[PDB]
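A, B, C, D and E are the chain letters, set down in written order, and residue numbers restart from 1 in every chain.
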Amino acid sequence: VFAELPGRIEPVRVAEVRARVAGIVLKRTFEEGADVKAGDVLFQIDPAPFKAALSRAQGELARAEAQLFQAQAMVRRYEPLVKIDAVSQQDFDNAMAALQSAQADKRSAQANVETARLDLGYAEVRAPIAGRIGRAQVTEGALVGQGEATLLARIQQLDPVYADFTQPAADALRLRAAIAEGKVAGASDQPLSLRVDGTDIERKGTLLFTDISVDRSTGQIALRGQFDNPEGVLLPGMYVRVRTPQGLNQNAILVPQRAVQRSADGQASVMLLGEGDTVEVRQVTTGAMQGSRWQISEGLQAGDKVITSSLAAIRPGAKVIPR
Amino acid sequence: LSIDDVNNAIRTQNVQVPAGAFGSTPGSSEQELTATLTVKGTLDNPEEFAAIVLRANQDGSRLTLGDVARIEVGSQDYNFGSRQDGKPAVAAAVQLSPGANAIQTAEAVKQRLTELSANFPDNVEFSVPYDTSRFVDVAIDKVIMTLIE
Amino acid sequence: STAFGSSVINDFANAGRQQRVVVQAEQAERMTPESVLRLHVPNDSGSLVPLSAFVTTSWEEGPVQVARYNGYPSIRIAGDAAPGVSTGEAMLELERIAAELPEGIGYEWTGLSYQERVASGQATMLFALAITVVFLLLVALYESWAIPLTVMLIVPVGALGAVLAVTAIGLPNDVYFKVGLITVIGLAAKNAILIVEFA
Amino acid sequence: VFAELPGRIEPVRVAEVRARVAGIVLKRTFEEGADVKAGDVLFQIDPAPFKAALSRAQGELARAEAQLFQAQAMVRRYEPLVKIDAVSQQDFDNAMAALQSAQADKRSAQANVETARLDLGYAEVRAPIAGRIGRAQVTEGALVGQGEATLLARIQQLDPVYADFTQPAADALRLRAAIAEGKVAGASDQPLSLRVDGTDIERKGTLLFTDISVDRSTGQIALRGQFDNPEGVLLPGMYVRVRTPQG
Amino acid sequence: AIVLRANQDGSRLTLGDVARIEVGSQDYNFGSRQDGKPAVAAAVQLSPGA
């Protein structure tokens, strides 16, 4: 049994390129629509304050390095002298402590310079991921990064794509109960078939994830399927139909649809050709409807001789002539 | 809640639903079992009407109609009331069609009413207070006597 | 209503004719009960809710046609009598059987049966009125009573001829035979006067 | 008397895993829909700035530790000398105060280092509780934690569950009254029965908490029962009608 | 070309995008055939006294 569920194509990886530092967009490096590699420079925000911050941090680092150089010279001069006791052991230990403290301060200043350098590098906005970039949400001269992380551009990965389709909760629960109770074996391994609306474009994919939380508003559970898109035909956001298998029946019984009767209580029954060419009434529970045949769940066994004609002209136990 | 809300809840929730039947014309050359959909839309008894949802939340809490209104089966109209000898009664005025006998029509009505009175509830009884045919019967039976005498 | 019953929205002005645009769900999307479940409706928050989220289809049996006669629920039962058997006896048998029905079930006749009923009712006193009027005319003309009774003895012979002929060929007592009989009676009476006035 | 009450299945513990820090999601280390253990890595946020802050804190710690070593050596040298008055008691007291100050500075630098380390660990997005993780709200390369704690994932504990159903308030007061004068006996000890619409499975559960406040829009108090969910049959957010004993 | 939903940018959803539009019968309840082929017919009734 296959279910066609409403679904939308979503790219596997989306990177919303947002400006982290406030400034005026000086230059836009990328052209819209092209494919971009990781680290490709996209925007150039003016590094007026960040360059100054890096210069300040570098000045602090330079001072720390000067102090370290002085302490190193002190220790180098004291080391041969302390062995001949030309300087007190206290003085040598003080010099060593000063050297280690200067090394620590240089490491701290290097960390501060690294912080400033990363902050400055936040101004050369780069593509975080590889994929197809879209329109430039801002143009040169626009003030970005003040107040909020301004959206600059969007990058999407076009291969493979996701298809986040959705299923009613009750259908899922019925399927699970049938699987547990044993009427239908699960069809997880069967591949989802994708069909794009208005086109003959068909694609195959696999189901990845079945959400456990039913949507409160729509009473549905979400499922995610990954579909190969080597030609780029499958577009993000497109509405699509996914044929998800709803379990496999090894011994499915299908009969002509006209060969099912229903009683006043709603219980379905079927006329059967018993021994001695006598018509027997075997009650039946009917499943789904496929083409011109009903799926029968119980009440039938392989080899049963069902009558698919003259149902209006047959009473139980009457004698009939098979054809 | 305002009275417009309760009126509109009544209007949209107590409505018959012309659902239809699947497999209807124009039908596929494959499917062969059209059948009616028979959705239940209108409400039959006061219990069903008191279950009209006025406002329901996502959590599950609901405001049913009965929570704000008393629902019962009553008169469409309370302008007029009738009594017959101090006891609450009902009555109807039967009128004769043009060009028809009265005596025969009155006898037919009385016989029909007495036949129906066999199925009446025991607490209720029927009676015909006014009959314009009695006057004609006595008049004709006297005039016949005057002609003979 | 719109998806499965089709809904008439407004008027299509088709080159001078006002016809109605109809909206209905697609042939492939209304062929199965599952298609009813696959329909979606909008909630207050703007999402679409599938029907299967809150509706469950249960089968039952119902009337595809409800027949009512004079305002009560009815069944219309029709048939034809066995060959060579009168319809009046068939109505007799039918009312006999219907008497065996549980109390509360009424049986009524309609159209052809009602007409046959009133006809069979009226025929007898029609004959009677005819005979008394011809008697009275005959006493008027003959200035006597005996001569009227004399001539009136004629009609059973014409009736006998008509009845034997129709029975020999086996035709029923239809209106056509009845009028043939009445005109035969008329000509036999003419014959009888044409003898008796000269007598 | 059983009253069937609408309600929804709500998970025992919900972990909306959020970004505590600003940065670009470098990697996604989990598969959606899998059951994760507490402390498992889910997302890896770019640890560029936080590593630098940790390096600065460690540098300050190294400086404080060097000063501490110097002070310890000074006190060790001065310890025997003051015993024979080679150094003034005042000088030794100053040395000991310097040592205590150095130890205190070492404690402060260690505290700063630990703050920086935990800040860095906030960039290793770990699952706070064990449960089922859903779809990743953000993808690799997405900028999270800028301005607001960006939602990354949702982790739900599937066993047991709470069914939050609703009773009309006036009904609750009427039952409480009937209990009060003694026409009926309280049925608090009777288990709840939950039936999911359209299926045949029945689950028993115990009433946990009956609310005191009244829903303003509908006049109905909320209730909570707990139902064992061993097979995963009950999902979070399902509409469930709970049969509650009314005395 | 009936617009179902149109955005400020210019994108529109026309009726044909969701439905198949054609000229058809108002009602498909009754069908008539004349010797194995689809036909139509009308009953002409005589006015009184003619």
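FYI, a residue touches a chain if its C-beta (ideal position, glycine included) is under 8 Å from a C-beta of that chain, and two chains touch if they have at least 3 such contacts.
Chain by chain, the UniProt names read as follows: A = RND efflux system, MexC-like protein.
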{"item": "Chain separated most widely from subunit A, comparing mean CA positions", "value": "C"}
{"item": "Innermost chain, taking as reference the mean of every protein Cα atom displayed", "value": "A"}
{"item": "Busiest interface, counted in C-beta pairs", "value": "A-D"}
{"item": "Centre distance in Å when subunit A and subunit B are each reduced to the mean of their C-alpha atoms", "value": "62"}
{"item": "For subunit B paired with subunit E, centre-to-centre distance based on mean C-alpha positions, whole Å", "value": "40"}
{"item": "Subunit D: positions in contact with at least two other chains", "value": "8, 197-198, 239"}
{"item": "Multi-partner residues of subunit B (each touching 2 or more other chains)", "value": "24, 26, 30-31, 58"}
{"item": "Residues of subunit B that touch subunit D when the two form their complex", "value": "55-63, 67"}
{"item": "Footprint of subunit D on subunit A - complex, ascending", "value": "12-18, 20, 89-90, 93-94, 96-97, 100-101, 103-108, 110-112, 114-115, 118-119, 128-129, 148-149, 155, 164, 169-170, 173-174, 176-177, 180, 208-216, 219, 221-222, 224"}
{"item": "Subunit B residues touching subunit E - in the complex, by the definition given at the top", "value": "24-26"}
{"item": "Residue ranges of subunit B in contact with subunit C within the complex", "value": "17-24, 26-28, 30-31, 36-38"}
{"item": "Subunit C-facing residues of subunit A, complex", "value": "4, 168-171, 215, 217-220, 262-266, 268, 288-289"}
